[PDB]
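Colleague:
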Amino acid sequence: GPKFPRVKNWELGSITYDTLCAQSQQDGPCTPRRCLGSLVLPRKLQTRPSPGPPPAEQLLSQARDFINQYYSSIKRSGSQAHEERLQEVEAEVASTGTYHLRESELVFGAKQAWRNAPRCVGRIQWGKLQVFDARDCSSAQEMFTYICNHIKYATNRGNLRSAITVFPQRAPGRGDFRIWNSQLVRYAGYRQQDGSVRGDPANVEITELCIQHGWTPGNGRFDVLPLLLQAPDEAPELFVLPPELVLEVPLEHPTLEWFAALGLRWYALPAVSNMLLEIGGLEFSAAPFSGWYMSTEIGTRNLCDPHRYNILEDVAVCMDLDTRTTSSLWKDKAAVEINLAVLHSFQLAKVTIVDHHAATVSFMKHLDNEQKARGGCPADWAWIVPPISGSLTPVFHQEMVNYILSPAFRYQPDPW
Amino acid sequence: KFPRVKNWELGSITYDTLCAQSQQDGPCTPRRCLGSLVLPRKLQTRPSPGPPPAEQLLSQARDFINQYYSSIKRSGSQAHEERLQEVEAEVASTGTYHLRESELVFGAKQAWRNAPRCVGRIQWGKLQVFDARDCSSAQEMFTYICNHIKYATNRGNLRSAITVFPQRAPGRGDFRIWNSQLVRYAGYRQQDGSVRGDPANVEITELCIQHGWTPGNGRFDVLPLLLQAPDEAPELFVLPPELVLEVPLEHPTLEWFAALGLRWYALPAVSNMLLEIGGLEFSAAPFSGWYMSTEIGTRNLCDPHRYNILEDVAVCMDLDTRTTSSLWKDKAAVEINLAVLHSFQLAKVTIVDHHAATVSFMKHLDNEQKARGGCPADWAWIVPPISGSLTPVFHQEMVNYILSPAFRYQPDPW
Ligand code: HEM
Ligand code: HEM
Ligand SMILES: C[C@H](O)[C@H](O)[C@H]1CNc2nc(N)[nH]c(=O)c2N1
Ligand SMILES: C[C@H](O)[C@H](O)[C@H]1CNc2nc(N)[nH]c(=O)c2N1
Ligand SMILES: NC(=[NH2+])n1cncn1
Ligand SMILES: NC(=[NH2+])n1cncn1
Ligand SMILES: [Zn+2]
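First to last, the protein sequences are chains A and B. Per PDB author numbering, the first sequence runs over residues 67 to 482. Per PDB author numbering, the second sequence runs over residues 69 to 482.
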C-alpha cells in the first residue's frame with residue numbers, strides 16, 4: 067500500500083493516508099523505541115533563547131522554504147517575482163544577518179502557524195484571522211496601547227473575533243519584546259499562610275512577580291492581573307487594564323438556582339501571550355493571539371482541576387451528592403452541571419463560546435477539508451479529545467498523526 | 069536517553085530508565101508520532117510456517133531465562149546455568165524449546181505487567197495460570213475454556229485467570245479461538261444495514277452461522293465459540309447458559325431504566341491476542357479479570373458504532389436532544405455508567421469504577437517506579453472515555469514502549 071501513515075476512524079471505518087507529514091522539517095520527541103506523545107513539554111521545539119545571531123546557512127534554508135510556501139499559496143511558484151523575492155531575502159541576510167517579511171507574507175505566516183498547531187481544536191476557523199501588524203512598536207507603553215486595541219477589537223462586546231498582534235521580531239544580540247503574563251487576562255493567585263492559594267493556583271508566580279514590580283495586590287478569588295510588558299533591553303513595566311475592557315461572565319446554572327450564589331465567573335477572551343511565533347526562521351517572541359473559548363477549558367479544566375480552582379467537591383456538596391465514595395460518580399455529575407453552567411451563562415451574556423461537541427464535530431470537518439487540501443493534518447490526540455465525555459465526541463474515534471510544521475507557534479522559556 | 073516524566077497535578081518528576089530495556093520497535097519515529105493508532109502497520113505477528121532464526125530465538129530465550137531466575141533470587145545459581153544449557157541444547161537440535169510450568173506462570177504475569185494499555189495492572193501479581201499445553205483437540209479446548217470460565221466467574225466474585233494452549237510450531241497451523249472474547253453478543257445484519265445486537269460482532273456472528281449455528285434474533289444473544297485445532301476447520305461449541313453470568317441493568321433512582329431491557333456479561337475474557345514469552349508464541353491464551361464500568365457503560369453501550377443507546381436514554385430522561393449545548397449526551401452517559409455500577413453491585417458481581425481504577429493505577433506507577441525504574445503506559449488507553457481530566461492519570465505523563473514477555477495482536481484466522 068501507500069508508503070505513508072495509514073489513519074483510521076473506527077466509528078465510520080474510513081481510511082486515509084497522511085502524506086503531509088512528509089513535509090515536516092523538524093523532529094519531535096518520539097523514536098521507534100518509545101513514544102513520548104503524552105508529554106506536555108518534551109525538549110523538542112522549545113524555543114530556548116539563542117542570543118548570538120543564528121547560522122546564516124540555517125536561517126537561509128528556513129527562509130527559502132517559507133518564501134516557497136508563500137508563492138505556492140498565491141500560485142506563482144517558479145515565477146520571476148518568486149525568484150526575485152528569494153534573491154532579495156538572500157541578499158538581505160548576506161548583508162544584515164537577518165531579513166524582514168512583507169506585510170502579506172506575515173499575514174500568510176500567521177495563519178499558517180495557526181493552521182499547523184497540533185493542539186488547537188478550533189482550526190476550522192484558521193482562514194479567518196485579523197492580523198494586527200505592530201512591527202513598528204518601540205516601547206513598552208506602545209505595547210500596551212497595541213494590546214488594548216487588540217482586546218477591544220477581539221472582544222467586540224461579546225461577539226468575539228479571532229486576532230493576533232505581531233510585535234518586532236528578535237534581533238541580532240538585542241533584547242526581545244516580551245509579554246511576561248501567559249495570557250492577557252489572568253486571575254491572581256495569592257499564596258496563603260497555611261500554604262493554600264486564594265484565586266488561581268496556576269498564576270502564583272506571575273502574581274508574585276507583579277507585586278515585586280510594584281503592583282498593589284487585592285485579596286479576591288477573581289482579581290484580574292496587570293500586564294508586565296518588556297521592551298528590548300529594558301526592565302518590564304507594569305500596566306493595569308481598564309476594567310471596562312476586560313469582559314467577564316458571572317456564572318449561574320439554568321435550573322440549579324443556588325449556583326449563582328457561588329460567585330464564580332470567568333473572562334470572555336482567551337488570549338495566549340507567551341508563545342513564540344516562528345515564520346521562515348524569523349522569531350516573534352511577542353505575538354499574542356486570541357479566539358474564543360471551548361466550554362470545557364473553563365468548565366472542566368480551569369474550574370475543576372485539582373491544581374486549579376478545584377470546585378468539584380463544593381458543587382457536589384451543593385447538589386448534595388455522596389462525596390464519600392467514588393462509585394456514586396459525584397465528580398462526573400458535578401462536572402457536567404458546572405460545564406452546563408458555563409455554556410448557559412455565556413449564552414445569556416451573549417458572549418461567544420462553543421461546546422466540546424460542536425467544537426469536535428467542526429474539527430472533523432476541518433480534518434476532511436485538510437485531507438483534500440494538504441494530504442493530512444498534524445494533530446495531538448491527547449489535546450484534541452475533550453477533558454470530559456471523551457468518547458461521546460467524534461475525535462475520540464479518529465486516529466491522528468502528530469508532527470511539526472512551520473510556520474509555527476512554539477513554547478519559549480520565561481524571560482525572568 | 070532517559071525521558072523526564074512529569075505529573076502536572078502534583079509537580080512531581082521521575083525518569084524512566086526501564087524503556088532502555090525495550091528491544092522491540094514501536095510505530096513512532098522522530099519525524100512523526102503514531103501513538104494514537106490502535107493497530108500496528110507492521111509490528112504484527114507474521115506466519116510461522118518456518119523456524120524462527122535460531123540466533124534470534126536463543127537470545128530472547130536466554131533473556132527470558134535470565135529474567136526468570138532473577139525473579140526467584142537465584143541468578144547465577146547452578147540451576148540457572150543448567151537451564152540455559154538445556155534451552156541452548158534444545159534449540160540447537162530442534163529449532164525451538166519448551167517452558168517449564170513455573171516459567172510459564174512467571175511469563176504470563178510479566179506479560180500482563182508489561183501491557184501498556186491495561187489500567188488494572190496493580191493486580192498483576194494475582195493471576196491463576198491454567199497450563200493447557202497438553203491440548204490436542206478443539207473439544208479439549210472447549211473443556212479447558214469451560215473450566216476457566218467457572219473458575220474466573222466464581223459466582224460473581226471474579227478472579228483473574230489465563231489458560232495457555234499449545235505454542236505455535238514451525239510449518240504447522242495455530243491453535244486459535246476465533247472469537248475476540250469468550251462471551252460476545254451476536255450482531256445480526258437486518259433490513260437496511262441496521263444491526264440487531266452488537267455491531268462489533270457482525271463478522272464473527274456470520275461465521276458461526278456459516279458453520280452451522282442456528283442464530284437467535286435478540287439484542288443480547290450469547291454467541292457460540294469457534295475453536296480451531298491445527299490445520300483443521302474450526303468447531304462450534306455452545307456454552308452452557310449456567311456458565312455465562314449476566315447482569316440485568318437497572319438504575320438506582322430512574323424507575324424506567326430497567327424497561328430498556330439492557331444487560332451485560334460479568335466476564336471480560338480476551339481470547340484473540342497472542343502471548344509471547346522468551347521467543348515462544350502462544351496463539352491461544354485467553355485471559356480474564358474483571359470490568360471497569362466505563363468499558364460497558366460508555367464504550368459498549370454508548371459508542372455510536374456499538375449499541376448506541378445515548379439518544380434513547382436521553383429521550384427517556386426527557387432531555388433536550390435538539391442541541392449539543394444542552395449536554396444531553398454527557399448527562400445520559402453519566403446515568404448509564406451509574407446504572408452499570410449499581411446493577412453490578414446489586415448482583416454482587418465484581419466491577420471497578422473509573423475513579424477507583426485510575427487511582428490504583430497511579431499507585432501501581434509508583435510501585436513500578438521503585439521496582440523497575442519505570443512503567444510502559446499508553447496514555448490514550450489508560451485515560452477513561454468520560455471524565456478524563458477528573459481522574460489522576462489524565463495529569464500523568466507516560467512513556468510507552470514494548471517489553472517482553474508480552475501480549476500482542478495477531479491476524480484473524482480467516
Ligand atoms: C476561534 C476559536 C478557537 C478555539 C475554540 C480554540 C480552541 C483551542 C483549545 C480548546 C485549545 C487547548 C487549550 C488548552 O487546553 O489549554 C487551543 C490551543 C491552541 N490554539 Fe486554539 N482555538 C481557537 C483559536 C485560536 C487562534 C486564533 C490561534 C492562533 C492564531 C490558536 C492557536 C492555538 C495554539 C498554538 C494552541 C496551543 C496552546 C498551548 O500549547 O498551550 N487558537 N485552542
Ligand atoms: C483485574 C481486573 C482488570 C481490569 C480492571 C482491567 C482493565 C482493563 C481495561 C479498561 C483495558 C482496556 C480495555 C478496552 O478498552 O478494550 C484493559 C486492557 C488490557 N488488559 Fe486488563 N484489566 C484487568 C485484568 C487483566 C488481566 C488478567 C490481563 C491479562 C493477564 C490483562 C491484560 C490486558 C491487556 C493485554 C489489555 C489490552 C487489550 C487490547 O489491546 O485490546 N488485564 N484492561
Ligand atoms: C500529562 C498530559 O499530557 C496532560 O495532562 C495533557 C493532556 N491533555 C491536555 N489537553 C488539553 N487541551 N490541554 C492540556 O493542558 C492537556 N494536558
Ligand atoms: C483512535 C483512538 O486511538 C481509539 O479510539 C482508542 C482511544 N483510547 C482507548 N482506550 C481504551 N481503553 N480502549 C480503546 O479501545 C481505546 N480506543
Ligand atoms: N481557547 C483557547 N485556548 N484559545 C483561543 N485562542 C487562543 N487560545
Ligand atoms: N476489563 C478488561 N477489558 N479485561 C480484563 N481482563 C481482560 N480484559
Ligand atoms: Zn509517539
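Backbone N, C-alpha and C fix where the C-beta goes; we use that ideal spot for every residue, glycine too.
According to DSSP, is A:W192 part of a helix, a strand, or is it coil?
Modeller: coil
Colleague: With respect to 7 Å, is the separation between the Cβ of B:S80 and the closest non-hydrogen atom of ligand 4 below this value?
Modeller: no
Colleague: Can the beta-carbon of B:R100 be found less than 8 Å from the beta-carbon of A:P98?
Modeller: no
Colleague: Taking C-beta to C-beta, are B:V417 and B:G224 nearer than 8 Å?
Modeller: yes
Colleague: Report yes if the C-beta of A:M466 is less than 7 Å from at least one heavy atom of ligand 6; otherwise report no.
Modeller: no
Colleague: Thinking C-alpha only, which one of A:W246, A:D299, A:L342 and A:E300 is nearest A:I230?
Modeller: A:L342
Colleague: Taking the continuous beta strand (DSSP E) assigned at A:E303, which residues delimit it?
Modeller: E303 to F305
Colleague: Under 8 Å, Cβ to Cβ, is there at least one residue of chain B near A:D260?
Modeller: no
Colleague: Indicate whether at least one CB of chain A lies closer than 8 Å to the CB of B:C384.
Modeller: no
Colleague: Kindly provide the ranges of any beta strand (DSSP E) runs that are 3 or more residues long and lie completely inside the region 195-254 of chain A, ordered along the chain.
Modeller: 196-199 and 229-232
Colleague: I want to verify the contact list: residues of chain B whose CB lies under 8 Å from the CB of A:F462, in sequence order.
Modeller: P453
Colleague: Show which residues of chain B have a CB atom less than 7 Å away from the CB atom of residue 522 of chain A.
Modeller: Because chain A in this structure spans residues 67 to 482, residue 522 of chain A falls outside the shown range and cannot be described.
Colleague: Compare the beta carbon distance of A:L307 and A:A254 with 8 Å and say whether it is the shorter of the two.
Modeller: Going by C-beta atoms, A:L307 is not nearer than 8 Å to A:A254.
Colleague: Determine, for B:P372, whether the minimum Cβ-Cβ distance to residues of chain A falls below 8 Å.
Modeller: Closer than 8 Å: yes.
Colleague: Beta-carbon of A:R367 versus every beta-carbon of chain B: anything under 8 Å?
Modeller: Taking a beta-carbon distance threshold of 8 Å, A:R367 counts as an interface residue toward chain B.
Colleague: For the region 465-476 of chain A, which residues have a CB atom closer than 7 Å to at least one CB atom of chain B, in sequence order?
Modeller: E465, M466, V467, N468 and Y469
Colleague: Figure out for me which residue from A:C96, A:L105, A:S80 and A:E77 has the closest Cα to the Cα of B:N75.
Modeller: Among A:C96, A:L105, A:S80 and A:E77, the Cα nearest to that of B:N75 is on A:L105.
Colleague: I need the DSSP call for A:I364, collapsed to helix, strand or coil.
Modeller: helix
Colleague: Give every residue whose Cβ lies closer than 6 Å to any heavy atom of ligand 6, listed in chain order.
Modeller: That gives B:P336, B:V338, B:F355, B:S356, B:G357, B:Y359, B:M360 and B:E363.
Colleague: Quick one: what's got a C-beta closer than 7 Å to A:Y165's C-beta in the same chain, skipping five residues either side?
Modeller: Only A129, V155, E158 and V159 meet the Cβ criterion.
Colleague: So, under 8 Å CB-CB, A:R240 and A:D299 are touching, yes? Tell me the CB distance rounded to an integer number of Å.
Modeller: 7 Å
Colleague: With hydrogens ignored, establish whether the beta-carbon of A:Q196 is closer than 7 Å to any heavy atom of ligand 1.
Modeller: no
Colleague: State yes or no: is the C-beta of A:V408 within less than 8 Å of the C-beta of A:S356?
Modeller: no
Colleague: Cβ of A:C87 versus every heavy atom of ligand 7: is any distance shorter than 7 Å?
Modeller: Not so, every heavy atom of ligand 7 lies at least 7 Å from the Cβ.
Colleague: Assuming B:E349 and B:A334 form a contact by the criterion Cβ under 8 Å, report the distance between their Cβ atoms to the nearest whole angstrom.
Modeller: Incorrect: roughly 30 Å between the Cβ atoms, too far for contact.
Colleague: Rounded to whole angstroms, what's the CA-CA distance from A:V270 to A:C276? Just pull it up for me.
Modeller: 10 Å
Colleague: Out of A:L311, A:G442, A:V427 and A:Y375, which has the shortest C-alpha to C-alpha gap to B:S393?
Modeller: A:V427
Colleague: Measuring only the C-alpha atoms, how far is B:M385 from B:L304?
Modeller: If you draw a straight line from the Cα of B:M385 to the Cα of B:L304, it is about 42 Å long.
Colleague: Going along the chain, which unbroken runs of the beta strand (DSSP E) with 3 or more residues stay wholly within the region 299-361 of chain A?
Modeller: 303-305, 314-316, 331-333, 342-345 and 348-350
Colleague: Is B:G103 near ligand 2 - that is, is its Cβ less than 7 Å away from at least one heavy atom of it?
Modeller: Result no, Cβ not under 7 Å from ligand 2.
Colleague: CB B:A337 to CB B:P309, shorter than 8 Å?
Modeller: Not in contact: B:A337 and B:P309 (Cβ atoms no closer than 8 Å).
Colleague: Residues of chain A with CB closer than 9 Å to the CB of B:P71, please, in chain order.
Modeller: Result: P95, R100, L102, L105 and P108.
Colleague: Helix, strand or coil, according to DSSP, for B:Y256 in the structure here?
Modeller: strand
Colleague: For B:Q135, which option in B:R440, B:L328, B:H422 and B:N435 has the closest C-alpha, if you only look at C-alpha atoms?
Modeller: B:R440
Colleague: Does the beta carbon of B:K416 come closer than 8 Å to any beta carbon on chain A?
Modeller: no
Colleague: Can you confirm whether B:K431, when its beta carbon is compared against all beta carbons of chain A, has any partner nearer than 8 Å?
Modeller: no
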